[PDB]
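J.: Take these chains first, placed just as they are in the complex:
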Amino acid sequence: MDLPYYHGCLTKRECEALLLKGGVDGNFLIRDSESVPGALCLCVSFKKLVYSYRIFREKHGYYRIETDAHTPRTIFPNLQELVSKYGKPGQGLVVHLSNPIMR
């Protein structure tokens, strides 16, 4: 991958160091998941903590963000359209996506 806010070389602590000493809730980036290998994590700052949402790549190249058990399966044909959705308030996250931390 290719997008500016996707960091691939990036530990959890490193990302938390870059998200928290950012300032505003709404700081976000994408990184590789450490728990589910091959998955991604949308990470955003909110209330002095990072909130991570795993992203699964599926069969035909879809991106499937982890939704809870009472929320419809929500998939995106690419990654910028997933980030485009969560830039809008009240979409299911703890805070919407405001400030991209670039690599």
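T.: Great, that's in hand. Residues are numbered from 1 along each chain as shown, chains lettered A, B, ... in the order given.
J.: Can you tell me the centre-most residue of chain A?
T.: With distances taken as C-alpha atoms, centre = their mean, the residue of chain A nearest its centroid is residue A:42 (0.9 Å).
J.: and it, what is it in contact with?
T.: In this structure, residue A:42 makes contact with A:28, A:30, A:52-53, A:55, A:65, A:82-83, A:86, A:97, judged by C-beta atoms under 8 Å, 6 or more residues apart in numbering. For the C-beta atoms, the positions are set from N, CA and C on the backbone; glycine is no exception.
J.: out of those, which one sits closest to residue A:16?
T.: residue A:52 (9.6 Å; C-beta to C-beta).
J.: pretty sure that closest one contacts residue A:45?
T.: No - look at residue A:52 against residue A:45 with C-beta atoms under 8 Å: they stay out of range, at 10.7 Å.
J.: Quick check on those two: which one has the bigger neighbour count.
T.: When residue A:52 and residue A:45 are compared for neighbours, residue A:45 comes out ahead with 26 against 19, by other C-beta atoms under 10 Å.
J.: throw chain B on there as well:
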Amino acid sequence: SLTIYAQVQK
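T.: Following on from the chains above, chain B is added here:
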């Protein structure tokens, strides 16, 4: 850690 894992809710 200082990361909370969460799921989308809408």
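J.: Quick check: beta-bridge partners of the residue nearest to the centre of chain A?
T.: residue A:30, residue A:53 (DSSP bridges).
J.: burial count for residue A:38?
T.: For residue A:38, the neighbour count with other C-beta atoms under 10 Å in any protein chain shown is 8.
J.: For it, pull up the helix or strand it's in.
T.: Assessed by DSSP states H and E, residue A:38 sits outside every helix and strand.
J.: Just list the residues touching it, thanks.
T.: Neighbouring residues of residue A:38 by C-beta atoms under 8 Å, 6 or more residues apart in numbering or on different chains: residue A:57.
J.: One more: residue A:49?
T.: Taking C-beta under 8 Å, 6+ apart as the contact definition, residue A:49 lies against A:20, B:2-4.
J.: Same check on residue A:56?
T.: If you count contacts by C-beta under 8 Å, 6+ apart, then residue A:56 has A:36, A:39-40, A:63-66 around it.
J.: quick one on the thing from earlier: counting neighbours, which of the contacts of residue A:49 comes out on top?
T.: In the contacts of residue A:49, the most neighbours by other C-beta under 10 Å go to residue B:3, 18 neighbours.
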